[PDB]
Every structure is written in C-alpha cells, then in structure tokens.
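Here you get one chain, nothing else, as structure tokens; it is the form solved without the DNA.
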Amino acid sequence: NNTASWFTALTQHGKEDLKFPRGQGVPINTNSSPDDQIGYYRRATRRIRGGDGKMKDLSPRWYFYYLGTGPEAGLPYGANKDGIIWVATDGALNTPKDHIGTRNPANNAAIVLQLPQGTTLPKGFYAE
C-alpha cells in the first residue's frame, strides 16, 4: 500500500470539504466501463516551511481512487471517515475495482481529472 491515484488532484482553495451530489464526481476514464464508475476522494494534506519560518498547511488536495483500491482499499462504499468522500455514477456496481487498481508512475502518467458537462466543481475546488 504505496499508491498513486490514476488522476490529477482537485485542490481545495476554499474552506468547505469536497462533496458531490449523488451521481456526480467520478472522473472520466475512457479505459474503464460503466460498472467501474465508483470510488472515493481522499484528502491529502501537505505542510511546508513558510516564509516567516513557521510550518503552515498548504491547500488540501483530494485524490480519487476506485472503490476497493488505494489508501482505503478496505473501506466499504459509504463508510464515514474524515477526509474520505464517496462518489458513484448511476449504474455502477458496489464491488472492488482490482482490475483497474492504482497507477504506477513509472509507466503511466496521471490522467487529467475531468468531469462531464452537467457537473461543475464545488465551491473553492480547482483541477490544477
């Protein structure tokens, strides 16, 4: 368990935690099928030495992982845990996606996180 998300991160520049309305939020991946469109975003916080010499938090990043993969590969869909939010497209199956898995940066670039037309990013969220 030393995983890389298949996608680039969503950066939280605002004060609200990430959330999506039911049916929205699964990044587009042409190498996946309708049954696979389900997973979670996990908040990844980073700290840095600021200009004044004090440690400070950077804007949190949220990375998507297919259900049954990634840092919370053992969590069932819908499990309540701080820093974890769930997303699923209509018709997705609630089964682990080991056949998609996570990405190896040695042989695959991250896929730029894109969401379909009818879905906008929540307040304070940016796909950098």
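We number the residues from 1 along the sequence you see.
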- [ ] State which stretch shows the higher mean Cα B factor in the entry: 7-15 or 113-121.
- [x] 113-121
Task: Of 52-60 and 82-90, the one with larger mean CA B-factor - done: 52-60
Task: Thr102 by Cα B-factor - lowest, middle or highest third of the modelled chain - done: lowest
TODO: Place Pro27 in the lowest, middle or highest third of its chain's C-alpha B-factors, as listed in the PDB entry.
DONE: lowest
- [ ] Among all modelled residues of this chain, ranked by Cα B factor, put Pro71 in the bottom, middle or top third, i.e. lowest, middle or highest.
- [x] middle
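Here the subject shifts to the form solved in complex with the DNA, a form of this protein not shown in this document.
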Open item on the list: Each of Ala4, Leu58 and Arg61 within 4.5 Å of the DNA in the bound PDB entry, by any heavy atom, yes or no?
Closed with: yes
Open item on the list: Just checking whether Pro21 would be counted as a contact of the DNA in the bound PDB entry - the rule being heavy atoms within 4.5 angstroms.
Closed with: no
Open item on the list: in the bound PDB entry, does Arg103 come within 4.5 Å of the DNA, counting heavy atoms only?
Closed with: yes
TODO: Look up in the bound PDB entry whether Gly91 has a non-hydrogen atom within 4.5 angstroms of the DNA, and give yes or no.
DONE: no
Task: Any non-hydrogen atom of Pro76 within 4.5 angstroms of the DNA in the bound PDB entry - done: no
Task: Sequence-ordered list of residues in 40-69 near the DNA in the bound PDB entry, where near means a heavy atom within 4.5 Å - done: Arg42, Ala44, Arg46, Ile48, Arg49, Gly50, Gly51, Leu58, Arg61, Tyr63, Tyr65
